[PDB]
Amino acid sequence: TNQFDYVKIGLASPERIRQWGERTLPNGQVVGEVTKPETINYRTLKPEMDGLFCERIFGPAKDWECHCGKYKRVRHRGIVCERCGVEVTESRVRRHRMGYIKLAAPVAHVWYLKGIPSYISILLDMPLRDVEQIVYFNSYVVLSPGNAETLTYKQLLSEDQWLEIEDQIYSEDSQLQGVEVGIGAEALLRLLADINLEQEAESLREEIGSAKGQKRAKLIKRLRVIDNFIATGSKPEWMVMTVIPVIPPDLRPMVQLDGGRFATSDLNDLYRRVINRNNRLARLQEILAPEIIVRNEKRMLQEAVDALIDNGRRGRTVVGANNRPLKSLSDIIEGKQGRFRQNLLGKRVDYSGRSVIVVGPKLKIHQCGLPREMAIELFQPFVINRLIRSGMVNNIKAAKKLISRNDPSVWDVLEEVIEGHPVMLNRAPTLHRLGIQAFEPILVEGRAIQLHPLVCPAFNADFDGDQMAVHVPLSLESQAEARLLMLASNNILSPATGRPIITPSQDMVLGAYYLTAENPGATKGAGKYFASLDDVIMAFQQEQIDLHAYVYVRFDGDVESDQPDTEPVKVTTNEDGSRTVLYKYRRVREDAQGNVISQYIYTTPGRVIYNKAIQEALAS
Amino acid sequence: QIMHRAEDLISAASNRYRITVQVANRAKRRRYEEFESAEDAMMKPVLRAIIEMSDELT
DNA sequence: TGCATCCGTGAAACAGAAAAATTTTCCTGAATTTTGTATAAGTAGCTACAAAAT
DNA sequence: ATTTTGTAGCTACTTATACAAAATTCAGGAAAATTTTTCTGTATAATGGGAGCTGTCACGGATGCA
């Protein structure tokens, strides 16, 4: 956290690239470079000494072991090997070193090149199939000098014309112009590197005011790059490159597989390829082969490089033993599965457990079942701790063992470790925050998760076989806020709408319905009378009335009846407080009697239950 | 009761975050300090922390 | 110039060679115990001895 | 009246020291031995590959245009 604040995106100039793998030693002579494309040796398996896995430039895979030998222990650490120049430093030093290839030919970064705007071109003001030709060895360019004569700047000599440029030879008049025919990126290089640009964003901006109804889009663009470059320290030339970084090996790991077979990584593959191509090419210029080979060659190289960066981008998607497109540097960090989006926003943690799911009646809400099998592992350690606390277990392995023995404690301690200790449940990936909440893990036998009906809607679960998944929280702090703010009790209502979301939903409704409905003909205990105590109840178990059976009930409170009746009906004008007055529900005593001395409600004996049931659950 | 306390706790306090955290660290101390004093296996330091912050503190 | 198409997205050779390696040998050398061995006293023993408690 | 307590005592008597070379082994070296890896040649003549795939999109571009 307090190691850095902002990141600095940018480019790697050949020094910075070569500054990714120098590992200069005290013999004093630099390394980090790899002079071999092959991988581990065939006889033994050790990492050659200058190939994709050279230790001495990435690091001793065997912790403190000079590839040479002599030292096989941390004791030998800072000290390295004279004979091998292995940098003895554990092994985690690898996965991070980098090394790099001095390139025998420049390669217009695929990215800047076949990019949506082809920035290269954006800055070269030269469309593809023209600048695209220049790489790919496919045309020529005049060069600033090359066109100092009849030749016109940026005129594509292609080859026939380029040869015609060699024709009309200097053995004749004029032809004193220069050279740098752009057959390869080597010249695109000094195109770029040619230009100054301080004039751009001002001398170029001369336009920008002018050409009011002109392309506009073109220009301003071309500015803003330029400007930008100059604004940053970006010289376009840096775009083509010349020397190549290289992934710390293990990430291109490569691995013995049990059956003996091996687990090659397309990384080292693309790579190694470009190595050959390179070397070889150096040997081609070394043997001064006639161009068109060497030409060809570069072309290749070029795109070997390329594909490395990004397969399938432009030329023909490489397809190796994988019997399919390989996996370039780009794409492993891209897509749905680019590093980003799946190992990185979505990693795949432990301390978890899934299962099928099942209604957990008997077990109330804010609780969950929990199988015994899983609950252990989830809670593994915590428990062992408790062992040691109770002292029953001494070391851990002690525990470990005992844990598998399922000693009384295993099913006794545990659950003391456990309660209080919320847990979080989730039905599959769930955008909704409420999709997952905090829950109290109660043990349970079989293997499912018990599950409460009221919460079902939230997670939206069937019980036709859904599954859920569990995680468990650790810091204690992280417990807190489970409790505190996901604890499935306390969240009743949709965050998308004040509406509640807990809601008794099916049958339980119709329980309540049926409870509280209004069966017609209700005779048993109909028109009866009651007075609090839950009297009527008793009567109900003695069936004095019928669950569905209208009957008066002394209750001084308020009804709501539905179908409001408020106004009287048929007041009984007789004597003291006897207006005494009816209502489609009520029946009451005001006037002399008082204000409401009488208060019998026209309600079925169910509804009273219900009302009661609330009631008491609620206050008291 | 602890439940209603847990409610009252944050039914009349600072940011529901703001609380927690201070409930938290508290218990953190409630655990660090009084380290394994009364077993606490039942009344987790957090629980303590809560009650002594939802009733004692209140 | 809006209106074509039209990028490409989100979903098997070999023999002959040699030279390497390597690698077993050595050896050796040294370094490193042990033991011998002193060593040197002091000693803690120990062995009588003596008067005075069974 | 012996016995245990003594005191005034040693001598034997035995650690203690420290050294100490002697062992006595060990490690490393050095080969040297050899096994494995490389390197190089090859003589009738020989002179363009493989594949297929064929069902969204978009957009912005689409320069290209007629």
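Numbers given to residues start from 1 along each chain, in the order its sequence is written, and need not follow the entry; residues that have no coordinates are not shown. All chains are assigned letters beginning with A, and all ligands numbers beginning with 1, in the order in which they are written. Reported values pertain to the displayed chains only, which are themselves part of a larger assembly. Processing note: side-chain calculations cover all non-hydrogen atoms of the structure and skip hydrogens and water entirely.

The record names cryo-EM as the way this model was obtained, at a resolution of 3.6 Å.

Now for the interface of chain A and chain B. In this description, contact between two residues means that some pair of their heavy atoms is separated by no more than 4.5 Å. Tallying the contact residues gives 10 residues for chain A and nine residues for chain B. Carbon and sulfur atoms supply 67% of the area buried between chain A and chain B, which totals about 1,100 Å² over both sides. Among the residues of chain A in contact with chain B, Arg-386, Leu-476 and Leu-484 of chain A are the three that bury the most area, contributing 40% of the side total. By definition, a salt bridge exists where a carboxyl oxygen of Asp or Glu is found within 4 Å of a side-chain nitrogen of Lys or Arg. Inspection of the chain A/chain B interface yields three salt bridges. Summed over both partners, the accessible area (1.4 Å probe) lost when two parts come together is defined as the buried area.

A separate point is the state of the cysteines. Residue and element names in this part refer to chain A. Any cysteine sulfur atom paired with another within 2.5 Å is treated as part of a disulfide. The final tally for this structure, using the stated rule, is three disulfides over all chains. Each sulfur in the disulfide pair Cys-66 and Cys-81 lies 2.1 Å from the other. For the disulfide bridge between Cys-66 and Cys-81, the dihedral angle about the S-S bond is near -45°, and by the sign convention the bridge is left-handed. A residue pair is termed long-range when its members are at least 10 positions apart, and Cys-66 in the loop between α1 (14–18) and β1 (101–108) and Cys-81 in the loop between α1 and β1 qualify at 15 residues. Take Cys-84: it sits in no disulfide, and the sulfur closest to it among the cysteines is that of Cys-66, at 3.9 Å. Of the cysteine sulfurs around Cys-368, a residue in no disulfide, the closest is that of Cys-456, at 12 Å. Each helix is a run of DSSP H or I of at least 4 residues and each strand a run of E of at least 2, with the numbering of both proceeding from the N terminus.

A few words now on the side chain of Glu-237 of chain A. For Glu-237 of chain A, the location among the structural elements is in the loop between α6 (217–231) and β2 (240–244). Throughout this description, a polar contact denotes any pair of N or O atoms lying within 3.5 Å of each other; where both atoms belong to protein, one of them has to be capable of donating a hydrogen while the other can accept it, and for residues adjacent in sequence the pair is counted only when both atoms sit in side chains. Polar contacts involving the side chain of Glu-237 of chain A include one to the main-chain amide nitrogen of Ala-193 of chain A, which spans 3.3 Å.

Attention now goes to the UniProt feature "binding site: Zn(2+)" in chain A. Residue and element names in this part refer to chain A. Look at the UniProt record and you will see "binding site: Zn(2+)" annotated at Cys-66, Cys-68, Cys-81 and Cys-84. A maximum C-alpha distance of 7.1 Å is found for the annotated residues, which run over 19 residues; spatially they form one tight group. Residues contacting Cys-66, with those up to four places away along its chain left out, are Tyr-71, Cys-81, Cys-84, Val-86 and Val-88. Relative to the assigned elements, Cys-84 resides in the loop between α1 and β1. Each residue touching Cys-84, except ones within four places of it in the same chain, is listed here: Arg-56, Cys-66, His-67 and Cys-68. UniProt positions are given in the numbering used here, feature names are shortened, and annotations may be inferred rather than shown by experiment.

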